[PDB]
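Dumped query.cif below, it's mmCIF, C-alpha atoms:
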```
data_my_file
loop_
_atom_site.label_atom_id
_atom_site.label_comp_id
_atom_site.auth_asym_id
_atom_site.auth_seq_id
_atom_site.Cartn_x
_atom_site.Cartn_y
_atom_site.Cartn_z
CA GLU B 1 175.93 117.87 40.19
CA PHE B 2 173.03 119.50 42.05
CA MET B 3 169.67 119.12 40.31
CA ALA B 4 168.21 115.81 39.14
CA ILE B 5 168.72 115.19 35.44
CA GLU B 6 165.28 115.12 33.82
CA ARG B 7 163.71 114.41 30.41
CA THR B 8 160.91 116.47 28.84
CA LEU B 9 158.85 116.45 25.55
CA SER B 10 159.20 119.21 22.99
CA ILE B 11 156.90 119.81 20.05
CA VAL B 12 157.81 122.52 17.55
CA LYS B 13 154.19 123.18 16.50
CA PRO B 14 153.17 123.53 12.81
CA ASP B 15 153.30 127.35 12.67
CA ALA B 16 157.00 127.37 13.56
CA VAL B 17 157.74 124.37 11.35
CA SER B 18 156.20 126.14 8.35
CA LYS B 19 158.16 129.30 9.13
CA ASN B 20 161.43 127.28 9.30
CA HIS B 21 162.33 127.98 12.94
CA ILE B 22 163.43 124.44 13.93
CA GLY B 23 167.20 125.02 14.10
CA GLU B 24 166.75 128.38 15.78
CA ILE B 25 164.47 126.85 18.41
CA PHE B 26 166.71 123.78 18.75
CA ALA B 27 169.75 126.02 19.19
CA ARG B 28 168.01 127.78 22.11
CA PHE B 29 167.52 124.39 23.82
CA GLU B 30 171.13 123.42 23.26
CA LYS B 31 172.50 126.83 24.27
CA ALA B 32 170.66 126.50 27.57
CA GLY B 33 172.32 123.17 28.34
CA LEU B 34 169.47 120.89 27.25
CA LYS B 35 170.50 117.98 25.10
CA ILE B 36 168.39 116.48 22.31
CA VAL B 37 168.35 112.77 23.06
CA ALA B 38 165.59 111.99 20.58
CA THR B 39 163.73 113.76 17.75
CA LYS B 40 161.63 113.26 14.63
CA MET B 41 159.55 115.33 12.27
CA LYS B 42 156.03 113.99 12.20
CA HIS B 43 152.78 114.73 10.41
CA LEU B 44 150.16 114.11 13.08
CA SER B 45 146.91 112.36 12.18
CA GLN B 46 143.71 113.43 13.94
CA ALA B 47 143.88 110.29 16.02
CA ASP B 48 147.53 111.20 16.80
CA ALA B 49 146.52 114.65 18.13
CA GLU B 50 143.41 113.47 19.93
CA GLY B 51 145.26 110.66 21.67
CA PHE B 52 147.98 113.02 22.89
CA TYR B 53 145.55 115.65 24.15
CA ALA B 54 143.10 112.99 25.34
CA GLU B 55 142.96 114.66 28.79
CA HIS B 56 141.01 117.53 27.21
CA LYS B 57 138.61 115.77 24.83
CA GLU B 58 135.58 117.24 26.61
CA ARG B 59 136.93 120.80 26.46
CA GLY B 60 135.80 123.75 24.43
CA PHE B 61 139.13 124.39 22.74
CA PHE B 62 139.87 120.74 21.88
CA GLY B 63 138.56 120.68 18.31
CA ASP B 64 140.44 123.76 17.12
CA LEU B 65 143.51 122.46 18.95
CA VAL B 66 143.42 119.13 17.08
CA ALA B 67 142.88 120.81 13.73
CA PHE B 68 145.88 123.11 14.23
CA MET B 69 148.20 120.45 15.63
CA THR B 70 147.40 118.44 12.49
CA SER B 71 147.45 121.37 10.00
CA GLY B 72 151.14 120.85 9.13
CA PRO B 73 154.20 118.81 10.19
CA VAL B 74 155.54 119.08 13.78
CA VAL B 75 158.89 118.10 15.27
CA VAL B 76 158.64 116.04 18.46
CA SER B 77 161.85 115.92 20.53
CA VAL B 78 163.08 114.69 23.89
CA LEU B 79 165.27 117.16 25.78
CA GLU B 80 167.54 116.17 28.63
CA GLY B 81 169.44 118.08 31.27
CA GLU B 82 169.47 119.30 34.86
CA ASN B 83 166.01 120.53 35.89
CA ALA B 84 164.91 119.85 32.30
CA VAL B 85 161.16 120.34 32.65
CA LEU B 86 161.22 123.74 34.43
CA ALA B 87 164.24 124.97 32.43
CA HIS B 88 162.53 124.04 29.12
CA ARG B 89 159.45 126.03 30.07
CA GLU B 90 161.66 128.95 30.99
CA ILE B 91 163.18 129.04 27.48
CA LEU B 92 159.72 128.81 25.93
CA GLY B 93 158.09 131.52 28.01
CA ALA B 94 154.46 131.82 29.02
CA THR B 95 152.05 129.70 27.01
CA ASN B 96 150.46 132.97 25.88
CA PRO B 97 152.81 134.99 23.59
CA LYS B 98 151.32 138.20 25.00
CA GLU B 99 152.38 137.33 28.56
CA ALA B 100 155.76 135.89 27.52
CA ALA B 101 159.17 137.36 28.39
CA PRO B 102 161.61 138.89 25.86
CA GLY B 103 163.91 136.40 24.16
CA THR B 104 161.63 133.44 24.81
CA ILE B 105 160.50 131.15 21.98
CA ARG B 106 156.88 132.09 22.55
CA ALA B 107 157.82 135.78 22.35
CA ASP B 108 159.92 135.61 19.19
CA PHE B 109 158.11 132.96 17.14
CA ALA B 110 154.48 133.08 18.18
CA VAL B 111 151.67 135.64 18.05
CA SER B 112 148.67 134.09 19.76
CA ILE B 113 147.98 131.41 22.34
CA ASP B 114 146.21 129.40 19.64
CA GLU B 115 149.45 129.05 17.74
CA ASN B 116 152.30 129.40 20.17
CA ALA B 117 155.26 127.87 18.27
CA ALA B 118 156.17 125.23 20.88
CA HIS B 119 154.85 122.65 23.37
CA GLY B 120 156.66 121.88 26.61
CA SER B 121 155.75 119.40 29.33
CA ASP B 122 154.60 121.28 32.40
CA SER B 123 155.52 118.51 34.84
CA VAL B 124 157.96 115.62 35.33
CA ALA B 125 154.97 113.25 35.52
CA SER B 126 153.38 114.47 32.32
CA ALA B 127 156.82 114.57 30.67
CA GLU B 128 156.99 110.83 31.38
CA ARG B 129 153.58 110.26 29.79
CA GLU B 130 154.08 112.67 26.92
CA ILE B 131 157.47 111.23 26.09
CA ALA B 132 156.24 107.64 26.25
CA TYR B 133 153.39 108.44 23.86
CA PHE B 134 155.65 109.56 20.98
CA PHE B 135 158.83 107.54 21.61
CA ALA B 136 159.72 103.98 22.32
CA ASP B 137 162.40 103.88 24.97
CA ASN B 138 164.69 102.14 22.47
CA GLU B 139 164.41 105.20 20.31
CA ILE B 140 166.26 107.40 22.84
CA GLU N 1 160.92 130.07 -10.20
CA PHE N 2 164.21 129.32 -11.96
CA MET N 3 166.05 126.28 -10.59
CA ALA N 4 164.49 122.84 -10.16
CA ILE N 5 163.39 122.15 -6.60
CA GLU N 6 165.52 119.28 -5.31
CA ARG N 7 165.77 117.04 -2.22
CA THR N 8 169.05 116.03 -0.53
CA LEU N 9 170.15 113.91 2.52
CA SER N 10 171.74 115.51 5.57
CA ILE N 11 173.49 113.67 8.37
CA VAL N 12 174.68 115.66 11.38
CA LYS N 13 177.51 113.23 12.24
CA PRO N 14 178.15 112.04 15.84
CA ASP N 15 180.87 114.60 16.67
CA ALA N 16 178.48 117.50 16.10
CA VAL N 17 175.60 115.70 17.79
CA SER N 18 177.69 115.17 20.92
CA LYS N 19 178.77 118.82 20.89
CA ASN N 20 175.09 119.94 20.62
CA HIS N 21 175.31 121.71 17.25
CA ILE N 22 172.04 120.40 15.72
CA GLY N 23 169.95 123.59 15.96
CA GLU N 24 172.86 125.75 14.89
CA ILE N 25 173.48 123.54 11.85
CA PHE N 26 169.74 123.25 11.14
CA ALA N 27 169.38 127.03 11.36
CA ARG N 28 172.08 127.43 8.68
CA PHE N 29 170.05 125.16 6.35
CA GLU N 30 166.87 127.09 7.01
CA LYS N 31 168.55 130.50 6.74
CA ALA N 32 169.80 129.52 3.30
CA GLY N 33 166.30 128.72 2.08
CA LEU N 34 166.44 124.94 2.51
CA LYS N 35 163.43 123.42 4.18
CA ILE N 36 163.52 120.39 6.47
CA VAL N 37 160.86 118.07 5.07
CA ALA N 38 161.94 115.09 7.14
CA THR N 39 164.26 114.36 10.08
CA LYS N 40 165.05 111.92 12.89
CA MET N 41 167.79 111.31 15.40
CA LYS N 42 169.15 107.83 14.95
CA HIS N 43 171.74 105.59 16.58
CA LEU N 44 173.25 103.74 13.63
CA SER N 45 174.06 100.04 13.94
CA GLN N 46 177.14 98.70 12.15
CA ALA N 47 174.88 97.15 9.56
CA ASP N 48 173.17 100.57 9.25
CA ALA N 49 176.50 102.31 8.49
CA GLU N 50 177.85 99.57 6.26
CA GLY N 51 174.69 99.42 4.19
CA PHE N 52 174.70 103.19 3.64
CA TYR N 53 178.37 103.33 2.69
CA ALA N 54 178.14 100.01 0.84
CA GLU N 55 179.74 101.61 -2.24
CA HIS N 56 183.04 101.76 -0.34
CA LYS N 57 183.16 98.42 1.49
CA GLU N 58 186.42 97.46 -0.24
CA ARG N 59 188.13 100.74 0.66
CA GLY N 60 190.90 101.47 3.09
CA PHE N 61 189.00 104.03 5.13
CA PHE N 62 185.75 102.05 5.37
CA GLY N 63 186.29 100.40 8.76
CA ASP N 64 187.21 103.59 10.63
CA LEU N 65 184.34 105.33 8.85
CA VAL N 66 181.79 102.76 10.08
CA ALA N 67 183.12 102.85 13.62
CA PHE N 68 182.85 106.64 13.78
CA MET N 69 179.44 106.88 12.12
CA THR N 70 178.25 104.42 14.77
CA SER N 71 180.17 105.91 17.74
CA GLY N 72 177.25 108.14 18.79
CA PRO N 73 173.77 109.25 17.64
CA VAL N 74 173.37 111.07 14.28
CA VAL N 75 170.51 113.17 12.91
CA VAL N 76 169.42 112.22 9.39
CA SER N 77 167.34 114.87 7.60
CA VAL N 78 165.88 115.58 4.18
CA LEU N 79 166.39 119.15 2.95
CA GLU N 80 164.36 120.69 0.15
CA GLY N 81 164.71 123.82 -1.94
CA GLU N 82 165.88 125.27 -5.23
CA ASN N 83 169.18 123.71 -6.30
CA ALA N 84 169.14 121.81 -2.99
CA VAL N 85 172.04 119.43 -3.54
CA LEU N 86 174.65 122.01 -4.68
CA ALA N 87 173.37 124.68 -2.25
CA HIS N 88 173.56 122.21 0.69
CA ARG N 89 177.17 121.41 -0.13
CA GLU N 90 177.92 125.10 -0.33
CA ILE N 91 176.69 125.65 3.25
CA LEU N 92 178.71 122.66 4.45
CA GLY N 93 181.97 123.61 2.77
CA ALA N 94 184.71 121.30 1.54
CA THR N 95 184.60 117.79 2.93
CA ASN N 96 187.99 118.54 4.50
CA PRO N 97 187.71 121.18 7.30
CA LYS N 98 191.20 122.42 6.37
CA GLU N 99 190.12 123.28 2.82
CA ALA N 100 186.72 124.64 3.84
CA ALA N 101 185.58 128.28 3.53
CA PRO N 102 184.87 130.61 6.48
CA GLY N 103 181.35 130.38 7.89
CA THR N 104 180.75 126.89 6.53
CA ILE N 105 179.59 124.06 8.81
CA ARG N 106 182.76 122.11 8.13
CA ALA N 107 184.83 125.16 9.06
CA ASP N 108 183.04 126.03 12.30
CA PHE N 109 182.14 122.60 13.69
CA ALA N 110 184.76 120.19 12.39
CA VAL N 111 188.51 119.76 12.76
CA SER N 112 189.52 116.85 10.56
CA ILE N 113 188.22 115.06 7.50
CA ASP N 114 187.71 111.96 9.64
CA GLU N 115 185.11 113.78 11.69
CA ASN N 116 183.66 116.55 9.60
CA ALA N 117 180.39 117.39 11.44
CA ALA N 118 178.04 116.81 8.47
CA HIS N 119 177.23 114.61 5.46
CA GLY N 120 175.71 116.02 2.29
CA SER N 121 174.71 114.23 -0.90
CA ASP N 122 177.11 115.15 -3.66
CA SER N 123 174.65 114.47 -6.47
CA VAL N 124 170.92 114.47 -7.29
CA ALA N 125 171.19 110.76 -8.13
CA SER N 126 172.90 109.81 -4.90
CA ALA N 127 170.53 112.11 -2.99
CA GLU N 128 167.72 109.93 -4.35
CA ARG N 129 169.46 106.76 -3.16
CA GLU N 130 170.67 108.18 0.12
CA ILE N 131 167.27 109.59 0.95
CA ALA N 132 165.46 106.37 0.05
CA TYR N 133 167.77 104.37 2.30
CA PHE N 134 166.85 106.24 5.51
CA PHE N 135 163.27 107.39 4.78
CA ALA N 136 160.11 105.85 3.52
CA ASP N 137 158.45 108.25 1.12
CA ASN N 138 155.43 108.35 3.44
CA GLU N 139 157.71 109.74 6.09
CA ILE N 140 158.29 113.00 4.15
#
```
What is this structure when it is put down as structure tokens?
Amino acid sequence: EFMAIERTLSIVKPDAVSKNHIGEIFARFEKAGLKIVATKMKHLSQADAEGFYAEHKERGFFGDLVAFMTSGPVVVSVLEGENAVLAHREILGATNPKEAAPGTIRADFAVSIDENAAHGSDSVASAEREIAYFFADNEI
Amino acid sequence: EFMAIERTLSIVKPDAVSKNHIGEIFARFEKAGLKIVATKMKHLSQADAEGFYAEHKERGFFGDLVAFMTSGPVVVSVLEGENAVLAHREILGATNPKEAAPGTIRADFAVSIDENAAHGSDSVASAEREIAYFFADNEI
């Protein structure tokens, strides 16, 4: 092979979970060569959401963020493949559905940046943190 | 509504998990009106498999069954919708891929009855048992 095989965290956010887009979104991962090496549907508690987005507790958007990310069940998943992080974010599209490319998850399943269907790790380093927060290594 | 809303257990068996058909299979559930109200990828231990298929421990096929169902990771999921049990089994098709209808999961993702891509509860009563074996009720 050619690119390092990486692991990245996926969260199908509550909007997309309530609109039954899990399989569809999953399929797009799989189609693009990413493998699902862990996954679980979870109802986040406030403490769950806060702890995960701890890095932004002092931020303006934090409160609304936490309320949304706990408004309904999410699916957290670990994807794995060559160049996983960057290639995940390419399937998702820009964080803002307005700015996102055609045929991306953010373009087809999300309307606003407040509720953008999916979370992807933006870095290998954060992917390591973000993955370790939701999954024991045994669980993968 | 018209039919009782039921809950049924889904296992994407290891063949289909290794061939990256989760999203695709999930999508077919969702498309057909079934909602995923719980799910997790799990590597079954022998004791896991045996305990779940306990009803057939004295059967000829049991050993091969257990070895397959523990040969790779599976996804266990709880589906919910009107007439969930019977409508699940309709999307899956006949347990035997040979006898299964076009456009069913067993037809498109499975070759033999030994490795038939997916498990579905065949009854409301078993669905209650099968669901309670893999999921705490909190978890749903």
Contacts of residue 49 (chain N) at 10 Å (only C-alpha atoms; same-chain gap of 2+ positions) as an MDAnalysis selection string: chainID N and resid 43:47 51:54 62:63 65:70
Interface, chain B side, toward chain N (8 Å; all atoms listed in the file) as a PyMOL selection string: chain B and resi 20-28+30+35-42+139
CA of residue 111 (chain B) to CA of residue 97 (chain B), distance in Å rounded to a single decimal: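 So the answer is 5.7 Å.
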Counting all atoms listed in the file, the option among B:105, B:131, B:32, B:124 closest to residue 6 (chain B):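 Smallest distance to residue 6 (chain B) is found for B:124.
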Test item: residues at most 12 Å from residue 100 (chain B), only C-alpha atoms, excluding those fewer than 2 positions along its chain, as an NGL selection string: :B and (89-98 or 102-113 or 116)
Using all atoms listed in the file: which of N:2, N:101, N:120, N:12 has the shortest distance to residue 85 (chain N):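 For residue 85 (chain N), the nearest of the candidates is N:120.
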Considering only C-alpha atoms, return as a PDB file with C-alpha atoms, keeping the file's coordinate frame whatever protein or nucleic-acid residues lie within 12 Å of residue 127 (chain N), sequence-local ones (same chain, fewer than 2 positions apart) excluded.
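Result file is out.pdb:
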```pdb
ATOM      1  CA  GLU N   6     165.520 119.280  -5.310  1.00  0.00           C
ATOM      2  CA  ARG N   7     165.770 117.040  -2.220  1.00  0.00           C
ATOM      3  CA  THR N   8     169.050 116.030  -0.530  1.00  0.00           C
ATOM      4  CA  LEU N   9     170.150 113.910   2.520  1.00  0.00           C
ATOM      5  CA  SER N  10     171.740 115.510   5.570  1.00  0.00           C
ATOM      6  CA  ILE N  11     173.490 113.670   8.370  1.00  0.00           C
ATOM      7  CA  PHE N  52     174.700 103.190   3.640  1.00  0.00           C
ATOM      8  CA  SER N  77     167.340 114.870   7.600  1.00  0.00           C
ATOM      9  CA  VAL N  78     165.880 115.580   4.180  1.00  0.00           C
ATOM     10  CA  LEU N  79     166.390 119.150   2.950  1.00  0.00           C
ATOM     11  CA  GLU N  80     164.360 120.690   0.150  1.00  0.00           C
ATOM     12  CA  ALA N  84     169.140 121.810  -2.990  1.00  0.00           C
ATOM     13  CA  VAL N  85     172.040 119.430  -3.540  1.00  0.00           C
ATOM     14  CA  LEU N  86     174.650 122.010  -4.680  1.00  0.00           C
ATOM     15  CA  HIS N  88     173.560 122.210   0.690  1.00  0.00           C
ATOM     16  CA  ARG N  89     177.170 121.410  -0.130  1.00  0.00           C
ATOM     17  CA  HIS N 119     177.230 114.610   5.460  1.00  0.00           C
ATOM     18  CA  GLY N 120     175.710 116.020   2.290  1.00  0.00           C
ATOM     19  CA  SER N 121     174.710 114.230  -0.900  1.00  0.00           C
ATOM     20  CA  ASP N 122     177.110 115.150  -3.660  1.00  0.00           C
ATOM     21  CA  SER N 123     174.650 114.470  -6.470  1.00  0.00           C
ATOM     22  CA  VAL N 124     170.920 114.470  -7.290  1.00  0.00           C
ATOM     23  CA  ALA N 125     171.190 110.760  -8.130  1.00  0.00           C
ATOM     24  CA  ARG N 129     169.460 106.760  -3.160  1.00  0.00           C
ATOM     25  CA  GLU N 130     170.670 108.180   0.120  1.00  0.00           C
ATOM     26  CA  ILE N 131     167.270 109.590   0.950  1.00  0.00           C
ATOM     27  CA  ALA N 132     165.460 106.370   0.050  1.00  0.00           C
ATOM     28  CA  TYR N 133     167.770 104.370   2.300  1.00  0.00           C
ATOM     29  CA  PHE N 134     166.850 106.240   5.510  1.00  0.00           C
ATOM     30  CA  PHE N 135     163.270 107.390   4.780  1.00  0.00           C
TER      31      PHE N 135
END
```
Separation of CA of residue 82 (chain B) from CA of residue 56 (chain B), in Å and rounded to one decimal: 29.5 Å
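Take CA of residue 3 (chain N) and CA of residue 83 (chain N): the distance between them is 5.9 Å.
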